[PDB]
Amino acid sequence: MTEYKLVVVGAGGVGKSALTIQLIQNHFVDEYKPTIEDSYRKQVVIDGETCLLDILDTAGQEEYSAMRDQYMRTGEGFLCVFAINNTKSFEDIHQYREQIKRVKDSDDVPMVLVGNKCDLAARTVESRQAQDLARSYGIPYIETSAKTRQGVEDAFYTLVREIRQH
């Protein structure tokens, strides 16, 4: 079957792993549990296509940048995740995008901008600004909550659809 190699990237603590686990295991990890590198594989049906999601969950930490090149290079699609209550994470997005373009030798890699933690009242990043950014990239912006599961399948399935259209 078709396999889709999705990579989840972003700053430390934005909820990359919480999003992935919510997708694969339908629960919200409300734990402190920093990632080094995790992989998940799940057979799904998306729009009637039987396929395998190969999801690489990456570290937000600066120390793991080398293994970051390695993982990025094999990815077909990237979820670029920030937290809507953390302005630095949103600013860091630019640098993850640029590193993906560099390792992939590509200006237009399948990608979704994901604004996570939208369940939180204490927003510092407006939806308007994140949308403008995504528009300037030529990529969809999806807002998610790993906690309530809002937008979770949306973000992953939209990325699969971007890979199909590439």
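Numbering starts at 1 and follows the sequence shown.
Once the C-alpha B-factors are averaged per stretch, 42 to 50 and 25 to 33 rank with 25 to 33 first. When the mean C-alpha temperature factors of 68 to 76 and 83 to 91 are read from the deposited coordinates, 68 to 76 comes out higher.
Of the candidates 140, 60, 110, 115, the deposited coordinates give 60 the top C-alpha B factor.
The entry lists a Cα temperature factor for residue 55 that places it in the lowest third of the chain's modelled residues.
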